[PDB]
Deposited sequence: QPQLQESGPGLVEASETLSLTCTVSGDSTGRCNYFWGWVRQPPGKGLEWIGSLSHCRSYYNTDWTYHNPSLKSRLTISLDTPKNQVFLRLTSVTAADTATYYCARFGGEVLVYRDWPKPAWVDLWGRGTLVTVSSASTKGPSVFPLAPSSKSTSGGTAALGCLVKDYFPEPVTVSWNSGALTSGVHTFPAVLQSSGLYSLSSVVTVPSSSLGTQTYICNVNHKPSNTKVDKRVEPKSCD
């Protein structure tokens, strides 16, 4: 089957330019059958249309370009049909433009239409490429305690870059009841995550609980003792 392959930088600094190329194989972008364009998906969120365009060989005019209105002012999409490539350029980016970007082939009322073509559905998707937007340099985490039948306690692991961090408890001696969550990318362009463990309430006065945070990209390890609150 045909393939759409995205290429381009996976990390772009804030207010700078996000550029991607899509290389089409096994089909020709110079057909009047389809539009070519882009869709993105922020981590943990839904799909968002970016836009699509057409430029086919014909005896009439076939140049059409449609953009998502909320992106248009900083959006350029283009086709180089001889190279069988589609291009995306998004300027003035912020962390909020962090997303998996998908090359997309759109069908609909395209070849035969009334008034204007109406590409409506994507029948071929690229694998997708994750582009993270942050101006951060490598930075180790700050670690704060989430202080506590059973009780939950944890560590809030803040403001690090890039991914990933890993977390253990009591140098690995505490594994039962542990859950470490996925990170969130914050508007600062830094990540945070939490790690939690559920333990017996009766152990809080007498058992020591330390989270061990490893951030290999910054060669940082942080150990944080989590104590019961004074109230």
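- Missing from the model, by position in the deposited sequence, are residues 149-155, 239.
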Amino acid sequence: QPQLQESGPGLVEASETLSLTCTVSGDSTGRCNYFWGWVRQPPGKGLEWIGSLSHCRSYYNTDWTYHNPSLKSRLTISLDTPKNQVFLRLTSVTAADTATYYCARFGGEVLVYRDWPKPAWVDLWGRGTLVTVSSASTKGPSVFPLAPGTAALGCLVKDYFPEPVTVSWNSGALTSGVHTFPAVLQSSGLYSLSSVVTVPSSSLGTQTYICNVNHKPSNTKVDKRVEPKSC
From here on, numbers count along this sequence of modelled residues.
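- Of the two segments examined, 15-23 and 214-222, it is 15-23 that shows the higher average Cα temperature factor in the deposited entry.
- Stretches 164-172 and 56-64 differ in mean C-alpha B factor, with the higher average recorded for 56-64.
- The residue among 198, 41, 70, 192 whose C-alpha carries the highest B-factor in the deposited model is 70.
- In the deposited coordinates, the residue among 32, 178, 50, 47 with the greatest CA B-factor is 32.
- The deposited CA B-factor of residue 185 belongs to the middle third of values across its chain.
- Among all modelled residues in its chain, residue 139 ranks in the middle third by Cα B-factor.
- Split the chain's modelled residues into thirds by C-alpha temperature factor. Residue 84 is in the highest one.
- In the deposited entry, the Cα temperature factor of residue 149 sits in the top third of values across the chain's modelled residues.
- The entry lists a Cα temperature factor for residue 100 that places it in the lowest third of the chain's modelled residues.
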